[PDB]
Amino acid sequence: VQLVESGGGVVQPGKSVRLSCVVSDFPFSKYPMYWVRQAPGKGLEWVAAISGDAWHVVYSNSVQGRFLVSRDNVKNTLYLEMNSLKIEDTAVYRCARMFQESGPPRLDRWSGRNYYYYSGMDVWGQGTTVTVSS
Amino acid sequence: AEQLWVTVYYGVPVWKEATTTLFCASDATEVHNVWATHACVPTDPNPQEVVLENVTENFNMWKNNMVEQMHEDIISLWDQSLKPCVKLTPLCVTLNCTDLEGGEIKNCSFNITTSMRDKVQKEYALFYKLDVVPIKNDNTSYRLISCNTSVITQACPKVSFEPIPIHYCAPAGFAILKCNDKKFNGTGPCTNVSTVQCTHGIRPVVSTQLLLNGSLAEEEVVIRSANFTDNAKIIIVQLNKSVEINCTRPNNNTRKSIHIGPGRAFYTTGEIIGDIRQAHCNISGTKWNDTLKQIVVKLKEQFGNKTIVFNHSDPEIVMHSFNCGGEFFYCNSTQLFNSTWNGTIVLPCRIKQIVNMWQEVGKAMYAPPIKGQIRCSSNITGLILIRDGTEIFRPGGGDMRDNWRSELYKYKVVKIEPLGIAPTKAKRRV
Amino acid sequence: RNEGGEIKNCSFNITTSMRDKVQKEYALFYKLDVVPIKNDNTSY
Amino acid sequence: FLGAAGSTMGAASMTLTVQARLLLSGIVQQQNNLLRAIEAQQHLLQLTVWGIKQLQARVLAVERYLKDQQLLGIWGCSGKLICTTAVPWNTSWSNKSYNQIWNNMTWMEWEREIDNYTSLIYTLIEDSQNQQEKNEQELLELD
Amino acid sequence: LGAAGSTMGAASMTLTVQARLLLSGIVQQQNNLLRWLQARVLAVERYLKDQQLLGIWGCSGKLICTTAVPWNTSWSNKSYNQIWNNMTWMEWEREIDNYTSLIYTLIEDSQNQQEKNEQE
Amino acid sequence: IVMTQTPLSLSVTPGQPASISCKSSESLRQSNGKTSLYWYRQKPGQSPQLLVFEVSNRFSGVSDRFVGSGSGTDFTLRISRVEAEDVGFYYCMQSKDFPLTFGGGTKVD
Ligand SMILES: *[C@@H]1O[C@H](CO[C@@H]2O[C@@H](C)[C@@H](O)[C@@H](O)[C@@H]2O)[C@@H](O[C@@H]2O[C@H](CO)[C@@H](O[C@@H]3O[C@H](CO[C@H]4O[C@H](CO)[C@@H](O)[C@H](O)[C@@H]4O)[C@@H](O)[C@H](O[C@H]4O[C@H](CO)[C@@H](O[C@@H]5O[C@H](CO)[C@@H](O)[C@H](O)[C@H]5NC(C)=O)[C@H](O)[C@@H]4O[C@@H]4O[C@H](CO)[C@@H](O[C@@H]5O[C@H](CO)[C@H](O)[C@H](O)[C@H]5O)[C@H](O)[C@H]4NC(C)=O)[C@@H]3O)[C@H](O)[C@H]2NC(C)=O)[C@H](O)[C@H]1NC(C)=O
Ligand SMILES: *[C@@H]1O[C@H](CO[C@@H]2O[C@@H](C)[C@@H](O)[C@@H](O)[C@@H]2O)[C@@H](O[C@@H]2O[C@H](CO)[C@@H](O[C@@H]3O[C@H](CO[C@H]4O[C@H](CO[C@@H]5O[C@H](CO)[C@@H](O[C@@H]6O[C@H](CO)[C@H](O)[C@H](O)[C@H]6O)[C@H](O)[C@H]5NC(C)=O)[C@@H](O)[C@H](O)[C@@H]4O)[C@@H](O)[C@H](O[C@H]4O[C@H](CO)[C@@H](O)[C@H](O)[C@@H]4O)[C@@H]3O)[C@H](O)[C@H]2NC(C)=O)[C@H](O)[C@H]1NC(C)=O
Ligand SMILES: *[C@@H]1O[C@H](CO)[C@@H](O[C@@H]2O[C@H](CO)[C@@H](O[C@@H]3O[C@H](CO)[C@@H](O)[C@H](O)[C@@H]3O)[C@H](O)[C@H]2NC(C)=O)[C@H](O)[C@H]1NC(C)=O
Ligand SMILES: *[C@@H]1O[C@H](CO)[C@@H](O[C@@H]2O[C@H](CO)[C@@H](O)[C@H](O)[C@H]2NC(C)=O)[C@H](O)[C@H]1NC(C)=O
Ligand SMILES: *[C@@H]1O[C@H](CO)[C@@H](O[C@@H]2O[C@H](CO)[C@@H](O)[C@H](O)[C@H]2NC(C)=O)[C@H](O)[C@H]1NC(C)=O
Ligand SMILES: *[C@@H]1O[C@H](CO)[C@@H](O[C@@H]2O[C@H](CO)[C@@H](O)[C@H](O)[C@H]2NC(C)=O)[C@H](O)[C@H]1NC(C)=O
Ligand SMILES: *[C@@H]1O[C@H](CO)[C@@H](O[C@@H]2O[C@H](CO)[C@@H](O)[C@H](O)[C@H]2NC(C)=O)[C@H](O)[C@H]1NC(C)=O
Ligand SMILES: *[C@@H]1O[C@H](CO)[C@@H](O[C@@H]2O[C@H](CO)[C@@H](O)[C@H](O)[C@H]2NC(C)=O)[C@H](O)[C@H]1NC(C)=O
Ligand SMILES: *[C@@H]1O[C@H](CO)[C@@H](O[C@@H]2O[C@H](CO)[C@@H](O)[C@H](O)[C@H]2NC(C)=O)[C@H](O)[C@H]1NC(C)=O
Ligand SMILES: *[C@@H]1O[C@H](CO[C@@H]2O[C@H](CO)[C@@H](O)[C@H](O)[C@H]2NC(C)=O)[C@@H](O)[C@H](O)[C@H]1NC(C)=O
Ligand SMILES: *[C@@H]1O[C@H](CO[C@@H]2O[C@@H](C)[C@@H](O)[C@@H](O)[C@@H]2O)[C@@H](O)[C@H](O)[C@H]1NC(C)=O
Ligand SMILES: *[C@@H]1O[C@H](CO[C@@H]2O[C@@H](C)[C@@H](O)[C@@H](O)[C@@H]2O)[C@@H](O)[C@H](O)[C@H]1NC(C)=O
Ligand SMILES: *[C@@H]1O[C@H](CO)[C@@H](O)[C@H](O)[C@H]1NC(C)=O
Ligand SMILES: *[C@@H]1O[C@H](CO)[C@@H](O)[C@H](O)[C@H]1NC(C)=O
Ligand SMILES: *[C@@H]1O[C@H](CO)[C@@H](O)[C@H](O)[C@H]1NC(C)=O
Ligand SMILES: *[C@@H]1O[C@H](CO)[C@@H](O)[C@H](O)[C@H]1NC(C)=O
Ligand SMILES: *[C@@H]1O[C@H](CO)[C@@H](O)[C@H](O)[C@H]1NC(C)=O
Ligand SMILES: *[C@@H]1O[C@H](CO)[C@@H](O)[C@H](O)[C@H]1NC(C)=O
Ligand SMILES: *[C@@H]1O[C@H](CO)[C@@H](O)[C@H](O)[C@H]1NC(C)=O
Ligand SMILES: *[C@@H]1O[C@H](CO)[C@@H](O)[C@H](O)[C@H]1NC(C)=O
Ligand SMILES: *[C@@H]1O[C@H](CO)[C@@H](O)[C@H](O)[C@H]1NC(C)=O
Ligand SMILES: *[C@@H]1O[C@H](CO)[C@@H](O)[C@H](O)[C@H]1NC(C)=O
């Protein structure tokens with residue numbers, strides 16, 4: 001369905017904004033989400049991922065610790081907050097849904113540790129753009 | 001509101017789909033039969049069948065593991081009963097054959113038998129044209145057919161070959177579901193799914209282009225296949241109104257013995273007594289004609305124009321094949337595939353004594369000769385047909401696995417998992 | 001025809017499964033598996 | 001014994017007063033006659049293909065019986081049929097309401113509703129109650 | 001098997017010895033695995049038949065337990081001290097062997113399938 | 001892990017079959033019984049669209065001439081009778097573990 005973002009634009013280094021991706025119709029708490037970054041004239045870079053219950057969060061190593069993601073399954077929103085901005089972060093951000101459905105976490109019997117399954121993407125939002133310069 | 005508490009119920013009526021390993025149940029003695037294998041759990045004539053109320057359960061008759069399980073087992077039963085017997089390795093020598101329709105049975109004279117080393121033994125023998133091959137380098141002089149093919153191994157003569165119904169029972173805690181829709185396509189859902197513990201009788205009959213002793217579809221004539229508009233998926237014709245056949249070996253066929261194994265005697269045709277009369281079969285010409293029209297009506301509900309044509313389908317794969325009293329018949333069934341739809345039918349039969357496998361590579365069993373005259377009768381209830389894409393129908397090849405798909409087409413295997421929980425208002429007082 | 005190695009291809013009579021008549025052959029044989037036998041000229 | 005597999009969960013507890021339709025009784029009346037010693041009146045006469053399969057058949061009759069007794073044995077619910085626990089139901093497992101589970105539902109569909117969540121309930125009985133109550137019982141014997 | 005000649009009120013003191021040695025006896029096979037277990041597996045199944053059957057009979061763990069089932073004298077009307085202080089156990093089994101499976105349904109139903117409808 | 005591909009530029013005209021392969025350093029076979037390699041396409045100036053999710057199956061709105069195969073390390077996407085609107089890029093995307101990477105995107109003119 002409908003899948004866009006908001007809050008894009010252009011800021012300075014050292015700044016901090018937060019985007020807002022909003023989904024339309026599918027049950028949002030059922031699915032995990034992602035973030036991808038296409039640099040202009042380059043390929044794609046994976047950014048982040050959230051579990052369906054907003055419990056599991058995995059970041060890329062380059063943007064590790066700087067950014068922030070979150071969910072609101074009632075408001076059907078999707079946030080990518082960012083901190084300590086650098087000029088090479090200037091690219092196209094895209095909000096994207098997992099292709100398959102995901103289940104609840106698994107809890108293997110032999111060790112009391114849950115498991116959140118993660119598979120790839122089908123619906124890319126057209127996405128905003130953030131530029132970091134002077 | 002009431003804070004709900006967890007309650008464990010043992011004995012909930014649930015299941016899933018599963019795979020398993022099965023075991024026989026014979027309903028009955030010296031235990032020397034290849035299939036029956038009276039070292040087997042005896043049955044129970046209890047009627048155990050439990051009917052359900054509200055079940056919609058998809059089956060399949062091709063992706064059901066119960067039929068792939070037999071084909072890895074009935075070749076194991078038939079090869080355990082073949083290993084301890086004598087090999088026929090010194091028989092593959094130079095032959096010298098002559099004839100006494102034309103000359104079919106062959107007075108052959110090979111002349112070594114190494115019971116010892118120094119003194120090899122000349123020998124008298126009687127063979128068949130379905131077992132010997134010509135050699136191109138001299139005058140008339142033969143050899144067995146499958147020398148350079150595989151190890152020809154004689155079956156021991158004190159064995160048996162009769163089909164005896166083998167009730168597959170699931171092991172305990174499992175169950176077998178069974179549908180009871182008369183109009184069942186073979187692969188859809190069902191409505192009345194009954195539950196048994198152990199299936200019905202399955203005669204382990206081996207044959208090709210037909211089925212013998214079968215089962216009975218009821219009230220009409222059922223045709224099943226998966227991909228109709230593909231030529232690949234073979235249609236299977238089950239019947240009511242069990243069509244009877246007689247087949248016979250009108251000869252006497254005394255057998256002699258030849259000592260080749262030191263303690264292991266080789267058996268061959270000693271001499272025939274009487275008149276050389278070809279083996280054949282008899283079919284009632286009336287019932288066969290009445291039966292085929294009943295098929296075409298169901299054919300014209302899946303091929304309802306471009307009218308149905310019968311045409312007949314290498315000596316092995318083209319011929320009709322079956323066993324009769326531990327004796328294997330190859331019968332020319334050309335006559336039964338002549339008509340289209342807009343007294344006593346005699347079919348000729350040939351006899352081969354070197355059978356092949358199901359995969360037909362790596363082993364070759366040799367039948368021993370049987371004294372006396374052989375009579376067998378059986379109900380023809382199953383027909384194998386293939387389309388080509390008016391519509392023409394050939395009988396088909398020899399994929400023996402397809403036999404039991406006409407006999408397991410109501411059965412799946414489940415796993416009773418009787419433990420499960422549900423919430424309610426009642427808490428255990430600690 | 002194109003060290004000690006594959007120089008020798010060989011030949012021998014054998015009658016394995018036909019059990020009627022022997023027949024000579026040709027193979028390819030390395031070293032480390034053959035022995036020049038006694039009282040004979042180039043026999044392995 | 002599967003006679004109410006199309007019935008509803010609010011109604012299948014009525015006929016479950018029979019001992020899960022005498023569930024385990026069908027095993028003992030089987031293994032009294034599975035242990036017909038005609039197997040010992042032959043020593044099978046050989047080792048056969050069937051006796052290989054019967055041996056692999058009796059083991060699963062042994063194991064899968066034990067895995068259902070042990071789990072009932074550990075849950076403080078040994079040998080009973082309908083026992084309650086102390087574990088509070090979490091609505092995150094199923095947001096179905098009360099009557100829809102009982103009055104308006106089969107069983108096998110309800111399996112696929114919580115077959116994901118089933119394993120979490122297994123740990124959340126033992127370590128929440130049956131590990132837990134035994135210590136608190138033993139404290140009440142300290143006095 | 002020591003009290004096999006005792007009366008039924010007397011042989012009850014050796015019930016513990018019979019139960020213990022049913023399973024595996026004394027342990028044979030002193031770890032000599034140097035150089036073919038169906039009989040070993042059956043003995044467990046004989047054991048687990050009975051413990052489950054005492055579990056359905058509400059009587060796991062015990063050796064002697066009561067009931068709510070009254071006797072039906074058509075089984076055997078032989079009265080109390082006619083047998084109890086007069087007869088061994090081999091003979092009491094040869095009075096009730098025809099009625100054996102009939103006793104088992106009644107103990108199943110009217111003692112625990114009954115008392116399942118008293119739980120509430 | 002590392003996963004690149006080849007060839008970068010295939011400037012073609014319609015009417016012929018060809019294929020694009022993506023080469024894997026770490027072998028991909030998850031314990032579910034499947035190999036998490038996802039092939040899809042962007043157009044220039046557009047967010048991408050899924051061609052095939054698995055190397056076996058396809059997606060809705062996909063012509064039948066889009067076939068893919070491969071081993072645990074070899075991976076191949078074949079386009080029979082390459083269509084006129086096959087412009088833009090073709091990214092090979094894997095989903096073994098994190099961080100899940102991409103290819104460069106093979107340009108097809
Ligand atoms: C228990 O756990 C298991 C998983 O764990 C398992 O068990 C554990 C114990 C572990 O062992 C673990 O390892 C095990 O795996 C859970 O199983 C999961 O179940 C879900 C279902 O609940 C499965 O999800 C589905 O998967 C398919 C693909 O999967 C296939 O392959 C797998 C394996 O290969 C098979 O098992 C499976 O059966 C399939 O064959 C996926 O495609 C499905 O998504 C589509 O359908 C839904 C339903 O419509 C869509 O959701 C809708 O979206 C719209 C849009 O916003 C909303 O408006 C609707 O509200 C919403 N919902 C509904 C009900 O409609 C979903 O978006 C998607 O829809 C398709 O979307 C595309 C893109 O938009 C669209 O394509 C478009 O087409 C048009 C026209 O052609 C244009 O061309 C467009 O351009 C084009 O993009 C297409 O048309 C849409 N189709 C439809 C019909 O809408 C579905 O999610 C999941 O696979 C399965 N497994 C796993 C591993 O997760 C199980 O759920 C758990 N149990 C419980 C109780 O939770
Ligand atoms: C019924 O089941 C429920 C669900 O069960 C769940 O699923 C099952 C299948 C099974 O797997 C269960 O194990 C599993 O729990 C039960 O619900 C769970 O309840 C427990 C309580 O015991 C919850 O645990 C709490 O977890 C919280 C989150 O911890 C995560 O996050 C920490 C950091 O938090 C993050 O902070 C950033 C700050 O920026 C947030 O970002 C903002 O987000 C905004 C909204 O989107 C906005 O976008 C902003 O832009 C953005 O900046 C971010 O959102 C936030 N994360 C989350 C998830 O909100 C990490 O430090 C931590 O490692 C973990 O990653 C904790 O905060 C919380 O601690 C607090 O609460 C305590 C008690 O309330 C309090 O004492 C503490 O002092 C502290 O304040 C808990 O630890 C668990 O999350 C629940 N599960 C789920 C899925 O939510 C339920 O309990 C059960 N019913 C019953 C009766 O038991
Ligand atoms: C071919 O099929 C027909 C019908 O399907 C078979 O006829 C039926 O055969 C069974 C046993 O062979 C008969 O049961 C027996 O009936 C006699 C009647 O006197 C009874 O005395 C026996 O105790 C036993 O119950 C059954 O009645 C019979 N059906 C009819 C209508 O007569 C036939 O046996 C099959 N033949 C072959 C070679 O497959
Ligand atoms: C095969 O058997 C025939 C029949 O005995 C052999 O032919 C005979 O050879 C002798 C020797 O000269 C003659 O005296 C006979 O008249 C022949 N009889 C016939 C019918 O031809 C023959 O030698 C045997 N061997 C082979 C290899 O054919
Ligand atoms: C078949 O060929 C065999 C030859 O092997 C014939 O056997 C000979 O029979 C005569 C008597 O009729 C004997 O004196 C010979 O010693 C036999 N030769 C053998 C056994 O090698 C036999 O007669 C032929 N015909 C039939 C019908 O068997
Ligand atoms: C068994 O097959 C026979 C042969 O077709 C069936 O009898 C005929 O069925 C057709 C189709 O219903 C009718 O048109 C004919 O009138 C029937 N009789 C005759 C003499 O041809 C029969 O219905 C099938 N079922 C049973 C239970 O006998
Ligand atoms: C039954 O078989 C026929 C083949 O004779 C199938 O029809 C075609 O199958 C090919 C195989 O991929 C497809 O490419 C065609 O599009 C099919 N044609 C039509 C008109 O459908 C048919 O799909 C098969 N049906 C089933 C249920 O397997
Ligand atoms: C096949 O052989 C059987 C013999 O088993 C024949 O059955 C006999 O048929 C006659 C009718 O001509 C009856 O009077 C006899 O009672 C039957 N006897 C037995 C034992 O069945 C049968 O006729 C033969 N032919 C066909 C076509 O089946
Ligand atoms: C089955 O028998 C028929 C009998 O007509 C065979 O058909 C013809 O047989 C004559 C021999 O007199 C041959 O000359 C013809 O060439 C045969 N016709 C055809 C079309 O081949 C038929 O060959 C037999 N088939 C089998 C498999 O035994
Ligand atoms: C589903 O099947 C049952 C089966 O009932 C049996 O039908 C055979 C028919 O020959 C009869 O001989 C048996 O006596 C019947 N009973 C038993 C206990 O085997 C039917 O009764 C249902 O009506 C069927 N359901 C539908 C919808 O047809
Ligand atoms: C096998 O026999 C060998 C003897 O064979 C003869 O001697 C050698 C030197 C060669 O000339 C060979 O070609 C001859 O036929 C033994 O040398 C050898 O140890 C034996 N191997 C065993 C006993 O394993
Ligand atoms: C339950 O039975 C339903 C029929 O009645 C419906 O029940 C309530 C819960 C409402 O949904 C209302 O629409 C009807 O009166 C079936 O429709 C339904 O499939 C059944 N199964 C469920 C809910 O799991
Ligand atoms: C060899 O015997 C066959 C059989 O009669 C015959 O046809 C052939 O002519 C014989 N060979 C010679 C050279 O006569
Ligand atoms: C049998 O009927 C079902 C519907 O009841 C249908 O889906 C199925 O395809 C049919 N079988 C065949 C082989 O067509
Ligand atoms: C078969 O039929 C033929 C003639 O139809 C007859 O001569 C022969 O005796 C019959 N044989 C049997 C076994 O019925
Ligand atoms: C042949 O096709 C026509 C076209 O629908 C149909 O009316 C007719 O019934 C078909 N013939 C048969 C025998 O079904
Ligand atoms: C049967 O098949 C053969 C195969 O060539 C064909 O020539 C013949 O026309 C078909 N029909 C009849 C009636 O023989
Ligand atoms: C082996 O043969 C060669 C050449 O044929 C000859 O020179 C040599 O003397 C022979 N050796 C013997 C016979 O030992
Ligand atoms: C080996 O074969 C050659 C062939 O020309 C022959 O000359 C030589 O004598 C043979 N040697 C032996 C030992 O057989
Ligand atoms: C066995 O017999 C003797 C004498 O008849 C008796 O005193 C003894 O008590 C008997 N054993 C039991 C267990 O009663
Ligand atoms: C048990 O007692 C009842 C009366 O309550 C009687 O009808 C029945 O016959 C008795 N049981 C037997 C097996 O005789
Ligand atoms: C016990 O039974 C025997 C059996 O004959 C009898 O002789 C004896 O008197 C009985 N004793 C008592 C105390 O009833």
# chains A, B, ... in the order shown; residues from 1 in each chain; ligands from 1
call {"tool": "residues_around", "arguments": {"residues": "residue 5 in chain E", "least_positions_apart": "4", "cutoff": "9 Å", "atoms": "only C-alpha atoms", "output": "mmCIF file with N, CA, C and O atoms, in the first residue's frame"}}
result
data_model
loop_
_atom_site.group_PDB
_atom_site.id
_atom_site.type_symbol
_atom_site.label_atom_id
_atom_site.label_comp_id
_atom_site.auth_asym_id
_atom_site.auth_seq_id
_atom_site.Cartn_x
_atom_site.Cartn_y
_atom_site.Cartn_z
ATOM 1 N N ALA E 11 0.391 -62.565 53.767
ATOM 2 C CA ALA E 11 1.369 -62.303 52.717
ATOM 3 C C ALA E 11 1.479 -60.833 52.361
ATOM 4 O O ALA E 11 2.400 -60.463 51.628
ATOM 5 N N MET E 87 -6.901 -68.865 52.834
ATOM 6 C CA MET E 87 -6.521 -69.132 51.456
ATOM 7 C C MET E 87 -5.346 -68.249 51.061
ATOM 8 O O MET E 87 -5.220 -67.113 51.519
ATOM 9 N N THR E 88 -4.473 -68.796 50.219
ATOM 10 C CA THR E 88 -3.348 -68.061 49.662
ATOM 11 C C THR E 88 -3.806 -67.183 48.502
ATOM 12 O O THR E 88 -4.997 -66.982 48.258
ATOM 13 N N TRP E 89 -2.840 -66.666 47.750
ATOM 14 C CA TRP E 89 -3.129 -65.767 46.647
ATOM 15 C C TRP E 89 -3.256 -66.465 45.314
ATOM 16 O O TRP E 89 -3.949 -65.951 44.432
ATOM 17 N N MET E 90 -2.581 -67.597 45.134
ATOM 18 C CA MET E 90 -2.706 -68.334 43.885
ATOM 19 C C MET E 90 -4.118 -68.849 43.685
ATOM 20 O O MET E 90 -4.594 -68.943 42.550
#
call {"tool": "residues_near_ligand", "arguments": {"ligand": "ligand 18", "cutoff": "10 Å", "atoms": "only C-alpha atoms and all ligand atoms", "output": "count of residues only"}}
result
5
call {"tool": "select_by_dssp", "arguments": {"residues": "range 216-402 of chain B", "states": "strand (DSSP E)", "output": "number ranges by chain"}}
result
B: 223-224, 235-249, 254-261, 264-271, 280-284, 309-310, 320-323, 328-331, 344-351, 364-366, 374-387, 392-394
call {"tool": "residues_around", "arguments": {"residues": "residue 80 in chain D", "least_positions_apart": "2", "cutoff": "12 Å", "atoms": "only C-alpha atoms", "output": "PyMOL selection string"}}
result
(chain B and resi 7-11+419) or (chain D and resi 17+19-20+69+72-73+75-78+82-84) or (chain E and resi 52+54-60+112-113+115-116+119)
call {"tool": "residues_around", "arguments": {"residues": "residue 44 in chain C", "least_positions_apart": "3", "cutoff": "7 Å", "atoms": "only C-alpha atoms", "output": "JSON, numbers by chain"}}
result
{"C": [34, 35, 36, 37]}
call {"tool": "write_last_selection", "arguments": {"atoms": "C-alpha atoms", "output": "mmCIF file, in the first residue's frame"}}
result
data_model
loop_
_atom_site.group_PDB
_atom_site.id
_atom_site.type_symbol
_atom_site.label_atom_id
_atom_site.label_comp_id
_atom_site.auth_asym_id
_atom_site.auth_seq_id
_atom_site.Cartn_x
_atom_site.Cartn_y
_atom_site.Cartn_z
ATOM 1 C CA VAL C 34 53.414 -54.032 -10.387
ATOM 2 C CA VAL C 35 56.263 -56.511 -9.877
ATOM 3 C CA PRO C 36 58.702 -57.859 -12.496
ATOM 4 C CA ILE C 37 58.320 -61.563 -11.844
#
call {"tool": "residues_near_ligand", "arguments": {"ligand": "ligand 3", "cutoff": "8 Å", "atoms": "only C-alpha atoms and all ligand atoms", "output": "NGL selection string"}}
result
:B and (212-213 or 216 or 241-244 or 377-380)
call {"tool": "closest_atom_pairs", "arguments": {"of": "chain D", "to": "chain B", "cutoff": "7 Å", "atoms": "only C-alpha atoms", "output": "CSV"}}
result
residue,atom,partner,partner_atom,distance
D:1,CA,B:13,CA,6.7
D:2,CA,B:13,CA,5.1
D:3,CA,B:52,CA,5.9
D:4,CA,B:13,CA,6.7
D:5,CA,B:13,CA,5.6
D:6,CA,B:54,CA,3.9
D:7,CA,B:54,CA,6.9
D:20,CA,B:11,CA,4.8
D:44,CA,B:39,CA,5.7
D:49,CA,B:77,CA,6.5
D:50,CA,B:23,CA,6.3
D:53,CA,B:23,CA,6.0
D:54,CA,B:23,CA,6.0
D:57,CA,B:171,CA,5.6
D:61,CA,B:172,CA,5.3
D:68,CA,B:419,CA,7.0
D:81,CA,B:10,CA,4.8
D:82,CA,B:9,CA,4.7
D:83,CA,B:8,CA,5.5
D:84,CA,B:7,CA,4.1
D:85,CA,B:428,CA,5.2
D:86,CA,B:427,CA,5.7
D:87,CA,B:6,CA,5.4
D:88,CA,B:5,CA,4.8
D:89,CA,B:4,CA,5.7
D:107,CA,B:14,CA,6.2
D:108,CA,B:14,CA,5.5
call {"tool": "residues_near_ligand", "arguments": {"ligand": "ligand 22", "cutoff": "10 Å", "atoms": "only C-alpha atoms and all ligand atoms", "output": "ChimeraX atom specification"}}
result
/E:7,81-88
call {"tool": "residues_around", "arguments": {"residues": "range 95-105 of chain F", "least_positions_apart": "2", "cutoff": "6 Å", "atoms": "only C-alpha atoms", "output": "PyMOL selection string"}}
result
(chain A and resi 43) or (chain F and resi 4-5+36+89-93)
call {"tool": "write_last_selection", "arguments": {"atoms": "N, CA and C atoms", "output": "short mmCIF file (atom, residue, chain, number, x, y, z; two decimals), in the first residue's frame"}}
result
data_model
loop_
_atom_site.label_atom_id
_atom_site.label_comp_id
_atom_site.auth_asym_id
_atom_site.auth_seq_id
_atom_site.Cartn_x
_atom_site.Cartn_y
_atom_site.Cartn_z
N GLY A 43 25.61 2.07 -4.97
CA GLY A 43 24.66 0.99 -4.81
C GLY A 43 23.70 1.25 -3.68
N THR F 4 29.71 -9.74 -4.32
CA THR F 4 29.72 -8.86 -5.47
C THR F 4 29.13 -9.60 -6.67
N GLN F 5 29.18 -8.97 -7.83
CA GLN F 5 28.58 -9.56 -9.02
C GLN F 5 29.30 -9.06 -10.27
N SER F 36 18.71 -17.51 1.11
CA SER F 36 18.11 -16.18 1.19
C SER F 36 18.84 -15.20 0.28
N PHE F 89 19.07 -0.74 -13.32
CA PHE F 89 20.04 -1.56 -12.62
C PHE F 89 19.41 -2.86 -12.17
N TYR F 90 20.27 -3.75 -11.69
CA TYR F 90 19.85 -5.05 -11.18
C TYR F 90 20.74 -5.38 -10.00
N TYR F 91 20.17 -5.29 -8.80
CA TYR F 91 20.90 -5.53 -7.58
C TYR F 91 20.66 -6.96 -7.11
N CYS F 92 21.73 -7.62 -6.68
CA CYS F 92 21.61 -8.90 -5.99
C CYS F 92 21.71 -8.63 -4.50
N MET F 93 20.69 -9.06 -3.76
CA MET F 93 20.58 -8.81 -2.33
C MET F 93 20.47 -10.12 -1.57
#
call {"tool": "residues_near_ligand", "arguments": {"ligand": "ligand 15", "cutoff": "8 Å", "atoms": "only C-alpha atoms and all ligand atoms", "output": "PyMOL selection string"}}
result
chain B and resi 246-248+280-282+343-346+375
call {"tool": "closest_atom_pairs", "arguments": {"of": "chain A", "to": "chain F", "cutoff": "7 Å", "atoms": "only C-alpha atoms", "output": "JSON lines"}}
result
{"residue": "A:43", "atom": "CA", "partner": "F:104", "partner_atom": "CA", "distance": 5.1}
{"residue": "A:44", "atom": "CA", "partner": "F:102", "partner_atom": "CA", "distance": 6.5}
{"residue": "A:45", "atom": "CA", "partner": "F:101", "partner_atom": "CA", "distance": 6.8}
{"residue": "A:46", "atom": "CA", "partner": "F:101", "partner_atom": "CA", "distance": 6.6}
{"residue": "A:60", "atom": "CA", "partner": "F:99", "partner_atom": "CA", "distance": 6.1}
{"residue": "A:119", "atom": "CA", "partner": "F:95", "partner_atom": "CA", "distance": 6.0}
{"residue": "A:120", "atom": "CA", "partner": "F:95", "partner_atom": "CA", "distance": 6.2}
{"residue": "A:122", "atom": "CA", "partner": "F:50", "partner_atom": "CA", "distance": 5.6}
{"residue": "A:124", "atom": "CA", "partner": "F:47", "partner_atom": "CA", "distance": 6.0}
{"residue": "A:125", "atom": "CA", "partner": "F:47", "partner_atom": "CA", "distance": 6.9}
{"residue": "A:126", "atom": "CA", "partner": "F:47", "partner_atom": "CA", "distance": 5.5}
call {"tool": "closest_residue", "arguments": {"among": "D:101, D:124, D:14, D:9", "to": "chain E", "atoms": "only C-alpha atoms"}}
result
D:14
